[PDB]
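> So that you have it, the file is run_24.cif, and it contains mmCIF, C-alpha atoms and all ligand atoms:
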data_query
loop_
_atom_site.label_atom_id
_atom_site.label_comp_id
_atom_site.auth_asym_id
_atom_site.auth_seq_id
_atom_site.Cartn_x
_atom_site.Cartn_y
_atom_site.Cartn_z
CA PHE A 1 -9.31 10.94 -13.24
CA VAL A 2 -12.75 9.82 -12.03
CA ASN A 3 -14.17 10.74 -8.62
CA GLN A 4 -13.57 8.32 -5.75
CA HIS A 5 -14.02 7.79 -2.02
CA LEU A 6 -10.51 8.32 -0.64
CA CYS A 7 -9.93 7.92 3.09
CA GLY A 8 -7.00 7.57 5.46
CA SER A 9 -3.79 6.21 3.99
CA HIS A 10 -5.49 5.78 0.61
CA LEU A 11 -6.09 9.53 0.49
CA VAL A 12 -2.48 10.29 1.47
CA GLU A 13 -1.30 7.91 -1.26
CA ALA A 14 -3.45 9.77 -3.79
CA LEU A 15 -2.04 13.10 -2.60
CA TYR A 16 1.45 11.71 -2.99
CA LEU A 17 0.66 10.56 -6.53
CA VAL A 18 -0.82 13.91 -7.51
CA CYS A 19 1.61 16.21 -5.70
CA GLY A 20 4.90 14.32 -5.80
CA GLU A 21 8.11 16.24 -5.09
CA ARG A 22 6.02 19.40 -4.69
CA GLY A 23 4.93 17.97 -1.37
CA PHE A 24 1.54 18.35 0.25
CA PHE A 25 -0.27 18.89 3.52
CA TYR A 26 -2.67 16.41 5.04
CA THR A 27 -4.88 18.21 7.52
CA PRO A 28 -8.13 16.47 8.54
CA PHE B 1 10.58 1.08 17.34
CA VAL B 2 13.17 0.20 14.71
CA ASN B 3 15.01 2.68 12.50
CA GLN B 4 13.53 3.13 9.04
CA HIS B 5 14.49 3.07 5.38
CA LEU B 6 11.54 4.78 3.67
CA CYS B 7 11.18 6.15 0.14
CA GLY B 8 8.25 7.57 -1.81
CA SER B 9 4.75 6.51 -0.86
CA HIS B 10 6.22 4.34 1.87
CA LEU B 11 7.44 7.45 3.67
CA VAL B 12 4.00 9.08 3.32
CA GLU B 13 2.38 5.96 4.74
CA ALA B 14 4.79 6.13 7.69
CA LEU B 15 3.88 9.79 8.23
CA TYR B 16 0.19 8.89 8.23
CA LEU B 17 0.71 6.14 10.82
CA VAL B 18 2.87 8.31 13.07
CA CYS B 19 0.83 11.51 12.83
CA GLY B 20 -2.62 10.05 12.33
CA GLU B 21 -5.44 12.45 13.19
CA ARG B 22 -3.02 15.33 13.77
CA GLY B 23 -2.26 15.26 10.06
CA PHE B 24 1.10 16.27 8.63
CA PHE B 25 3.07 18.21 6.05
CA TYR B 26 5.11 16.30 3.47
CA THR B 27 7.98 18.53 2.40
CA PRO B 28 10.65 16.76 0.31
CA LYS B 29 13.18 19.60 0.60
CA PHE C 1 2.03 8.15 17.64
CA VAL C 2 -1.71 8.81 17.97
CA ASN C 3 -4.30 6.05 18.31
CA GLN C 4 -5.93 4.76 15.12
CA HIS C 5 -8.30 2.16 13.71
CA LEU C 6 -5.95 -0.33 12.02
CA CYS C 7 -7.44 -3.32 10.23
CA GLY C 8 -6.31 -5.99 7.78
CA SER C 9 -3.33 -5.12 5.61
CA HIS C 10 -3.17 -1.65 7.16
CA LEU C 11 -2.54 -3.24 10.55
CA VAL C 12 0.15 -5.55 9.14
CA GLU C 13 1.80 -2.53 7.50
CA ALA C 14 1.81 -0.74 10.85
CA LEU C 15 3.33 -3.81 12.53
CA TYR C 16 5.99 -3.90 9.85
CA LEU C 17 6.78 -0.22 10.42
CA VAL C 18 6.99 -0.63 14.19
CA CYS C 19 8.74 -4.01 14.33
CA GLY C 20 10.96 -4.02 11.25
CA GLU C 21 13.78 -6.57 11.06
CA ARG C 22 12.77 -7.81 14.51
CA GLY C 23 9.82 -9.43 12.80
CA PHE C 24 6.34 -9.86 14.21
CA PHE C 25 3.38 -12.20 14.46
CA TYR C 26 -0.04 -11.42 13.08
CA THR C 27 -2.57 -13.63 14.82
CA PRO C 28 -6.25 -12.56 14.62
CA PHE D 1 0.39 -17.87 -9.72
CA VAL D 2 3.57 -16.12 -10.83
CA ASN D 3 6.88 -16.16 -8.97
CA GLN D 4 7.50 -13.12 -6.79
CA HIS D 5 10.09 -10.44 -6.12
CA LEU D 6 9.01 -8.99 -2.77
CA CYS D 7 10.85 -6.72 -0.34
CA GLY D 8 9.81 -4.93 2.85
CA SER D 9 6.17 -4.06 3.34
CA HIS D 10 5.40 -5.64 -0.02
CA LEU D 11 6.39 -9.03 1.38
CA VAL D 12 4.21 -8.47 4.46
CA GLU D 13 1.29 -7.55 2.22
CA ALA D 14 1.85 -10.78 0.26
CA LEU D 15 1.87 -12.76 3.52
CA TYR D 16 -1.41 -11.14 4.55
CA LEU D 17 -3.05 -12.02 1.22
CA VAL D 18 -1.78 -15.60 1.24
CA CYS D 19 -2.42 -16.36 4.91
CA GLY D 20 -5.42 -14.14 5.52
CA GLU D 21 -7.48 -15.15 8.55
CA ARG D 22 -4.97 -17.81 9.57
CA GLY D 23 -2.52 -15.03 10.34
CA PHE D 24 1.23 -15.44 10.02
CA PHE D 25 4.68 -14.94 11.50
CA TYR D 26 7.09 -12.56 9.79
CA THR D 27 10.61 -13.71 10.59
CA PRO D 28 13.34 -11.98 8.54
CA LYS D 29 16.07 -14.43 9.56
CA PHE E 1 0.08 16.65 -11.69
CA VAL E 2 3.73 15.67 -11.42
CA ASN E 3 5.52 13.15 -13.62
CA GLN E 4 5.81 9.67 -12.14
CA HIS E 5 8.36 6.97 -11.39
CA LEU E 6 6.22 3.88 -10.76
CA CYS E 7 7.17 0.21 -10.56
CA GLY E 8 5.24 -2.93 -9.62
CA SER E 9 2.26 -2.61 -7.33
CA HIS E 10 2.85 1.13 -7.18
CA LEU E 11 2.00 1.39 -10.88
CA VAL E 12 -1.16 -0.69 -10.37
CA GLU E 13 -2.18 1.58 -7.51
CA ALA E 14 -1.67 4.59 -9.79
CA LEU E 15 -3.83 2.94 -12.46
CA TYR E 16 -6.57 2.34 -9.90
CA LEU E 17 -6.51 5.98 -8.78
CA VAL E 18 -6.50 7.36 -12.32
CA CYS E 19 -9.06 4.98 -13.81
CA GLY E 20 -11.20 4.32 -10.76
CA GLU E 21 -14.68 3.03 -11.57
CA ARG E 22 -13.87 2.75 -15.28
CA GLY E 23 -11.46 -0.04 -14.42
CA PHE E 24 -8.34 -0.75 -16.44
CA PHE E 25 -6.11 -3.28 -18.15
CA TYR E 26 -2.60 -3.86 -16.79
CA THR E 27 -0.43 -5.04 -19.68
CA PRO E 28 3.31 -5.10 -18.90
CA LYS E 29 4.35 -5.57 -22.54
CA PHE F 1 -4.78 -18.94 0.04
CA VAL F 2 -7.82 -18.37 2.26
CA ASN F 3 -10.90 -16.44 1.13
CA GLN F 4 -11.02 -12.71 1.87
CA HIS F 5 -13.00 -9.52 1.32
CA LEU F 6 -10.94 -7.66 -1.29
CA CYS F 7 -12.12 -4.25 -2.45
CA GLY F 8 -10.74 -1.30 -4.39
CA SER F 9 -6.97 -0.91 -4.40
CA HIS F 10 -6.62 -3.95 -2.14
CA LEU F 11 -8.24 -6.09 -4.82
CA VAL F 12 -5.98 -4.64 -7.54
CA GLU F 13 -2.96 -5.35 -5.34
CA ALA F 14 -4.11 -8.96 -4.95
CA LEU F 15 -4.57 -9.25 -8.72
CA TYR F 16 -1.08 -7.88 -9.20
CA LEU F 17 0.33 -10.44 -6.76
CA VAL F 18 -1.48 -13.33 -8.40
CA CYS F 19 -1.07 -12.31 -12.05
CA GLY F 20 2.28 -10.52 -12.13
CA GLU F 21 3.96 -9.98 -15.49
CA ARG F 22 1.06 -11.83 -17.14
CA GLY F 23 -0.96 -8.71 -16.50
CA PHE F 24 -4.64 -8.54 -15.65
CA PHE F 25 -7.86 -6.64 -16.24
CA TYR F 26 -9.76 -4.84 -13.53
CA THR F 27 -13.32 -4.33 -14.68
CA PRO F 28 -15.94 -3.55 -11.99
CA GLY G 1 16.27 16.90 5.37
CA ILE G 2 14.81 14.06 7.44
CA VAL G 3 12.59 13.11 4.49
CA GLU G 4 15.58 12.79 2.17
CA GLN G 5 17.42 11.02 4.99
CA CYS G 6 14.74 8.34 5.36
CA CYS G 7 15.24 7.37 1.75
CA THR G 8 18.96 7.80 1.09
CA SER G 9 19.96 6.74 4.61
CA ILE G 10 17.73 5.87 7.59
CA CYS G 11 15.47 7.68 10.01
CA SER G 12 13.48 7.11 13.19
CA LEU G 13 9.74 7.38 13.74
CA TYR G 14 10.66 10.06 16.27
CA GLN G 15 12.30 12.22 13.61
CA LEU G 16 9.15 11.80 11.51
CA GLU G 17 7.04 13.20 14.36
CA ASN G 18 8.67 16.51 13.43
CA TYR G 19 6.43 16.67 10.36
CA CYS G 20 3.16 16.19 12.23
CA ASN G 21 0.81 19.18 12.68
CA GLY H 1 15.47 -17.91 4.35
CA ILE H 2 12.44 -17.70 2.06
CA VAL H 3 11.82 -14.15 3.29
CA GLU H 4 15.34 -13.05 2.34
CA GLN H 5 14.94 -15.03 -0.89
CA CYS H 6 11.80 -13.14 -1.92
CA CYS H 7 13.73 -9.90 -1.79
CA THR H 8 17.23 -10.76 -3.01
CA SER H 9 16.00 -13.38 -5.48
CA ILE H 10 12.45 -14.64 -6.08
CA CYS H 11 9.90 -16.79 -4.30
CA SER H 12 6.53 -18.44 -4.83
CA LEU H 13 3.27 -17.84 -3.01
CA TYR H 14 3.53 -21.51 -2.07
CA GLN H 15 6.81 -20.97 -0.23
CA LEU H 16 5.14 -18.07 1.61
CA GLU H 17 2.39 -20.40 2.84
CA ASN H 18 5.13 -21.82 5.07
CA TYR H 19 4.86 -18.71 7.26
CA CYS H 20 1.11 -18.96 7.82
CA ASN H 21 -0.19 -20.07 11.24
CA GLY I 1 -6.14 -10.06 20.41
CA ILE I 2 -4.44 -7.46 18.23
CA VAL I 3 -7.57 -7.12 16.09
CA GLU I 4 -9.79 -6.28 19.05
CA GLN I 5 -7.25 -3.81 20.45
CA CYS I 6 -6.23 -2.05 17.22
CA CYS I 7 -9.01 -2.65 14.68
CA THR I 8 -12.20 -2.93 16.75
CA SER I 9 -10.91 -0.37 19.22
CA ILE I 10 -8.01 1.98 18.48
CA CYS I 11 -4.38 1.57 19.53
CA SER I 12 -1.02 3.35 19.64
CA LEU I 13 2.18 2.29 17.88
CA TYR I 14 3.54 1.52 21.34
CA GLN I 15 0.83 -1.11 21.75
CA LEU I 16 1.89 -2.50 18.38
CA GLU I 17 5.35 -3.08 19.79
CA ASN I 18 3.70 -5.70 21.99
CA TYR I 19 3.47 -7.89 18.86
CA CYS I 20 7.09 -7.73 17.71
CA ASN I 21 9.17 -10.90 17.93
CA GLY J 1 5.46 0.56 -23.43
CA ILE J 2 4.17 3.26 -21.08
CA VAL J 3 4.05 0.69 -18.27
CA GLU J 4 7.72 -0.20 -18.74
CA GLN J 5 8.44 3.52 -19.14
CA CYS J 6 6.91 4.39 -15.76
CA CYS J 7 9.35 2.06 -14.07
CA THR J 8 12.58 2.37 -16.05
CA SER J 9 12.05 6.07 -16.82
CA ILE J 10 9.08 8.30 -15.97
CA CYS J 11 5.50 8.74 -17.08
CA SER J 12 2.53 11.06 -16.66
CA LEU J 13 -0.88 10.32 -15.20
CA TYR J 14 -2.18 11.31 -18.63
CA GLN J 15 -0.25 8.52 -20.33
CA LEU J 16 -1.70 6.12 -17.75
CA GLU J 17 -5.23 7.15 -18.75
CA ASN J 18 -4.49 5.20 -21.93
CA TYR J 19 -4.92 1.97 -19.96
CA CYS J 20 -8.35 2.81 -18.56
CA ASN J 21 -11.42 1.02 -19.95
CA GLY K 1 -11.59 19.99 4.62
CA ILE K 2 -9.98 17.39 2.37
CA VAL K 3 -11.64 14.58 4.34
CA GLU K 4 -15.13 15.96 3.81
CA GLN K 5 -14.50 16.59 0.11
CA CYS K 6 -12.68 13.35 -0.78
CA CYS K 7 -13.55 10.79 1.90
CA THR K 8 -17.07 11.72 3.05
CA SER K 9 -18.00 12.82 -0.46
CA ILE K 10 -16.01 11.87 -3.55
CA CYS K 11 -13.40 13.95 -5.36
CA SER K 12 -11.26 14.11 -8.49
CA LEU K 13 -7.46 14.10 -8.67
CA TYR K 14 -7.75 17.71 -9.83
CA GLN K 15 -9.33 18.59 -6.49
CA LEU K 16 -6.43 16.83 -4.81
CA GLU K 17 -4.07 19.25 -6.52
CA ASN K 18 -5.65 21.90 -4.29
CA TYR K 19 -3.66 20.37 -1.41
CA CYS K 20 -0.19 20.36 -2.96
CA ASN K 21 2.42 22.72 -1.50
CA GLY L 1 -18.02 -9.50 -11.85
CA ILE L 2 -14.80 -9.58 -9.84
CA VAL L 3 -16.21 -7.04 -7.38
CA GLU L 4 -19.27 -9.15 -6.59
CA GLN L 5 -17.18 -12.31 -6.22
CA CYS L 6 -14.24 -10.90 -4.23
CA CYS L 7 -15.43 -7.68 -2.59
CA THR L 8 -19.16 -8.20 -1.96
CA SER L 9 -18.60 -11.88 -1.27
CA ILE L 10 -15.18 -13.38 -0.49
CA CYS L 11 -12.84 -15.16 -2.89
CA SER L 12 -9.64 -17.20 -3.07
CA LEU L 13 -6.44 -16.26 -4.90
CA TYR L 14 -7.25 -19.09 -7.29
CA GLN L 15 -10.42 -17.25 -8.28
CA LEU L 16 -8.28 -14.18 -8.85
CA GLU L 17 -6.30 -16.11 -11.42
CA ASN L 18 -9.49 -16.06 -13.49
CA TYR L 19 -8.75 -12.37 -14.16
CA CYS L 20 -5.16 -12.65 -15.39
CA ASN L 21 -4.46 -11.90 -19.05
CL CL M 1 -9.78 0.12 3.60
CL CL M 2 9.64 -0.12 -3.55
ZN ZN M 3 -7.52 0.09 2.77
ZN ZN M 4 7.36 -0.09 -2.71
#
Translate this structure into structure tokens?


Amino acid sequence: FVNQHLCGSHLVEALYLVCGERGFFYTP
Amino acid sequence: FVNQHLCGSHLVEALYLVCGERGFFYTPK
Amino acid sequence: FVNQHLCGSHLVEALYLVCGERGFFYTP
Amino acid sequence: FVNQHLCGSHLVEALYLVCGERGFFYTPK
Amino acid sequence: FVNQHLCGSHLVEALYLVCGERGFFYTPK
Amino acid sequence: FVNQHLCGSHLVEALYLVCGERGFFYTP
Amino acid sequence: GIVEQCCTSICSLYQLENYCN
Amino acid sequence: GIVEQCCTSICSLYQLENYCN
Amino acid sequence: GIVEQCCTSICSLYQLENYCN
Amino acid sequence: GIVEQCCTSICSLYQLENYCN
Amino acid sequence: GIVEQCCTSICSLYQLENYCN
Amino acid sequence: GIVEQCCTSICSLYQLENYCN
């Protein structure tokens, strides 16, 4: 699970992958 | 805008586009 | 529906979201 | 290239990749 | 992390996020 | 099939589109 | 909820604004 | 049309070139 | 063009509606 | 395989690490 | 914030778990 | 590498076929 530069929709996609049905909050 | 049929990451992408800078909470429940 | 920097495939995705079955034209 | 099974935003993404700079018209009809 | 239900490009995107710089091999077989 | 700047997940998506069930290798 | 609705049924971008901060 | 075909059935990248400008 | 209004500069989804068919 | 499994069934991010270089 | 940790700088999926509900 | 040919520089889908298995 290497480190990466995640921005915008790519970051939200990553959060979705990691959090799933648990849900998550995206607050810049 | 048209009505939507969004599941999974597609819904999250829609939330990002609609909320943008304001951010959002994804709560599937 | 805040303002954002939408480029390339991200812009087409936004157009798809907004236009849907109505269709749209992407002409740079 | 392989044949494709594309629906929704996936089809639009395919159109973007294939047409690129030339742009395109998405007409679901 | 949560379990996943991934098909098509969504699986490839997951592979990219998990493998990142290390790269990966996508072998549907 | 014009030429484009494809990076990160966008490049993997393009590889997926082009290669499909044949599979592919992403090695930076 | 609206989230479930977007997937099983349909939803508007307006309903989605409900989830913004 | 080809668009509908890509989703209900299958289509080629060549057929998609038809939609380019 | 759309690119100069939404990519170079920033734009709202309402401006995107300008490009629907 | 795990790839097929992710789509027909379910899989973990850990199983996906198997495909990394 | 998440943006400064994952976008400005780089971050691991484990750090992303910090933002799950 | 693929990154230098398609990301640094630009490339065609035909060049992408070079990376299929
Ligand atoms: Cl990007
Ligand atoms: Cl899907
Ligand atoms: Zn991107
Ligand atoms: Zn999808």

> I'd like the superposed copy of chain J - fitted to chain G by least squares over all paired Cα atoms - as a short mmCIF file (atom, residue, chain, number, x, y, z; two decimals) with C-alpha atoms, in the coordinates of the input.


data_model
loop_
_atom_site.label_atom_id
_atom_site.label_comp_id
_atom_site.auth_asym_id
_atom_site.auth_seq_id
_atom_site.Cartn_x
_atom_site.Cartn_y
_atom_site.Cartn_z
CA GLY J 1 16.27 16.90 5.37
CA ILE J 2 14.81 14.06 7.44
CA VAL J 3 12.59 13.12 4.49
CA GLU J 4 15.58 12.78 2.17
CA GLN J 5 17.42 11.02 5.00
CA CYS J 6 14.74 8.34 5.35
CA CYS J 7 15.24 7.37 1.74
CA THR J 8 18.96 7.80 1.09
CA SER J 9 19.96 6.74 4.62
CA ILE J 10 17.73 5.87 7.59
CA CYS J 11 15.47 7.68 10.01
CA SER J 12 13.48 7.11 13.19
CA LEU J 13 9.75 7.38 13.74
CA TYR J 14 10.66 10.06 16.27
CA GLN J 15 12.30 12.22 13.61
CA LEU J 16 9.15 11.79 11.51
CA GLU J 17 7.04 13.20 14.36
CA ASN J 18 8.67 16.51 13.43
CA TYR J 19 6.43 16.67 10.36
CA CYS J 20 3.15 16.20 12.23
CA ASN J 21 0.82 19.18 12.68
#

> Could you list, with a cut-off of 12 Å and counting all atoms listed in the file, the residues of chain I near chain D, each shown with its nearest atom pair and the distance in Å rounded to one decimal, rows sorted by chain and ascending number, as JSON lines?


{"residue": "I:1", "atom": "CA", "partner": "D:23", "partner_atom": "CA", "distance": 11.8}
{"residue": "I:2", "atom": "CA", "partner": "D:23", "partner_atom": "CA", "distance": 11.1}
{"residue": "I:3", "atom": "CA", "partner": "D:23", "partner_atom": "CA", "distance": 11.0}
{"residue": "I:19", "atom": "CA", "partner": "D:25", "partner_atom": "CA", "distance": 10.3}
{"residue": "I:20", "atom": "CA", "partner": "D:26", "partner_atom": "CA", "distance": 9.3}
{"residue": "I:21", "atom": "CA", "partner": "D:27", "partner_atom": "CA", "distance": 8.0}

> In Å to one decimal, how far is CA of residue 4 (chain L) from CA of residue 12 (chain F)?

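Going from CA of residue 12 (chain F) over to CA of residue 4 (chain L), I get 14.1 Å.
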
> Select the residues contacting ligand CL 1 (chain M) at a distance of at most 8 Å, based on all atoms listed in the file, then format the selection as a list in words.

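Listed by chain and ascending number, the contacts are residues 7 and 10 of chain A; 7 and 10 of chain C; 7 and 10 of chain F.
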
> Using only C-alpha atoms, which residues sit within 10 Å of residue 5 (chain K) once same-chain residues fewer than 3 positions away are excluded, as a PyMOL selection string?

(chain A and resi 5-6) or (chain K and resi 1-2+8-12+15-16)

> Can I get the selected residues back with C-alpha atoms, as a PDB file, in the frame of the given file?


ATOM      1  CA  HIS A   5     -14.020   7.790  -2.020  1.00  0.00           C
ATOM      2  CA  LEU A   6     -10.510   8.320  -0.640  1.00  0.00           C
TER       3      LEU A   6
ATOM      4  CA  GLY K   1     -11.590  19.990   4.620  1.00  0.00           C
ATOM      5  CA  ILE K   2      -9.980  17.390   2.370  1.00  0.00           C
ATOM      6  CA  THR K   8     -17.070  11.720   3.050  1.00  0.00           C
ATOM      7  CA  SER K   9     -18.000  12.820  -0.460  1.00  0.00           C
ATOM      8  CA  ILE K  10     -16.010  11.870  -3.550  1.00  0.00           C
ATOM      9  CA  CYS K  11     -13.400  13.950  -5.360  1.00  0.00           C
ATOM     10  CA  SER K  12     -11.260  14.110  -8.490  1.00  0.00           C
ATOM     11  CA  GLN K  15      -9.330  18.590  -6.490  1.00  0.00           C
ATOM     12  CA  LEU K  16      -6.430  16.830  -4.810  1.00  0.00           C
TER      13      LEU K  16
END

> Check which residues of chain C sit at most 9 Å from chain G using all atoms listed in the file, and return one row each with the closest pair of atoms and their distance in Å to one decimal, ordered by chain and rising number, as a Markdown table.


| residue | atom | partner | partner_atom | distance |
| --- | --- | --- | --- | --- |
| C:1 | CA | G:17 | CA | 7.8 |
| C:17 | CA | G:13 | CA | 8.8 |
| C:18 | CA | G:13 | CA | 8.5 |

> Taking only C-alpha atoms into account, what are the residues of chain A at most 9 Å from chain B, put as a VMD selection string?

chain A and resid 8 to 10 12 to 13 16 to 17 20 to 28

> Take CA of residue 2 (chain C) and CA of residue 15 (chain C) and report the distance between them in Å, one decimal.

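CA of residue 15 (chain C) lies at a distance of 14.6 Å from CA of residue 2 (chain C).
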
> As a compact mmCIF listing (two decimals), keeping the file's coordinate frame, could you write out region 1-21 of chain A once it has been completed with N, CA, C and O atoms?


# COMPACT_ATOMS: atom_id res chain seq x y z
N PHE A 1 -9.59 10.73 -14.69
CA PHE A 1 -9.31 10.94 -13.24
C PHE A 1 -10.62 10.99 -12.46
O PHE A 1 -10.88 11.92 -11.71
N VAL A 2 -11.44 9.95 -12.66
CA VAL A 2 -12.75 9.82 -12.03
C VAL A 2 -12.77 10.20 -10.55
O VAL A 2 -11.72 10.31 -9.90
N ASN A 3 -13.97 10.39 -10.02
CA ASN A 3 -14.17 10.74 -8.62
C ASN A 3 -14.20 9.46 -7.80
O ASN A 3 -14.74 8.44 -8.23
N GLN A 4 -13.61 9.50 -6.60
CA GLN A 4 -13.57 8.32 -5.75
C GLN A 4 -13.67 8.66 -4.27
O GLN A 4 -13.48 9.81 -3.88
N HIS A 5 -13.96 7.64 -3.47
CA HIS A 5 -14.02 7.79 -2.02
C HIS A 5 -12.60 7.48 -1.54
O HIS A 5 -12.17 6.33 -1.57
N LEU A 6 -11.87 8.51 -1.12
CA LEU A 6 -10.51 8.32 -0.64
C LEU A 6 -10.40 8.69 0.83
O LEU A 6 -10.63 9.83 1.22
N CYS A 7 -10.06 7.70 1.65
CA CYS A 7 -9.93 7.92 3.09
C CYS A 7 -8.62 7.40 3.66
O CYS A 7 -8.00 6.49 3.11
N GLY A 8 -8.21 7.98 4.79
CA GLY A 8 -7.00 7.57 5.46
C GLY A 8 -5.74 7.50 4.62
O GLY A 8 -5.41 8.43 3.88
N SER A 9 -5.03 6.38 4.73
CA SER A 9 -3.79 6.21 3.99
C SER A 9 -4.02 6.19 2.48
O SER A 9 -3.12 6.51 1.72
N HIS A 10 -5.22 5.81 2.04
CA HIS A 10 -5.49 5.78 0.61
C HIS A 10 -5.52 7.22 0.07
O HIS A 10 -5.08 7.48 -1.04
N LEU A 11 -6.03 8.14 0.89
CA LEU A 11 -6.09 9.53 0.49
C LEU A 11 -4.68 10.10 0.45
O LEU A 11 -4.33 10.80 -0.49
N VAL A 12 -3.86 9.78 1.46
CA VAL A 12 -2.48 10.29 1.47
C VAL A 12 -1.70 9.77 0.27
O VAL A 12 -0.88 10.48 -0.32
N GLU A 13 -1.96 8.52 -0.10
CA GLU A 13 -1.30 7.91 -1.26
C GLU A 13 -1.69 8.67 -2.52
O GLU A 13 -0.86 8.93 -3.40
N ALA A 14 -2.97 9.03 -2.62
CA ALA A 14 -3.45 9.77 -3.79
C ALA A 14 -2.79 11.14 -3.81
O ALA A 14 -2.36 11.60 -4.86
N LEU A 15 -2.69 11.79 -2.66
CA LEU A 15 -2.04 13.10 -2.60
C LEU A 15 -0.59 12.99 -3.04
O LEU A 15 -0.07 13.85 -3.74
N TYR A 16 0.06 11.91 -2.62
CA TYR A 16 1.45 11.71 -2.99
C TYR A 16 1.56 11.55 -4.50
O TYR A 16 2.46 12.12 -5.13
N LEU A 17 0.65 10.78 -5.09
CA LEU A 17 0.66 10.56 -6.53
C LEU A 17 0.48 11.88 -7.29
O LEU A 17 1.22 12.19 -8.22
N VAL A 18 -0.51 12.65 -6.87
CA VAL A 18 -0.82 13.91 -7.51
C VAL A 18 0.19 15.02 -7.28
O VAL A 18 0.53 15.76 -8.21
N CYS A 19 0.68 15.14 -6.05
CA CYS A 19 1.61 16.21 -5.70
C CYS A 19 3.10 15.93 -5.86
O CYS A 19 3.87 16.84 -6.13
N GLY A 20 3.50 14.68 -5.66
CA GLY A 20 4.90 14.32 -5.80
C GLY A 20 5.92 15.15 -5.03
O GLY A 20 5.70 15.52 -3.87
N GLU A 21 7.03 15.47 -5.69
CA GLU A 21 8.11 16.24 -5.09
C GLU A 21 7.69 17.63 -4.64
O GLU A 21 8.42 18.30 -3.91
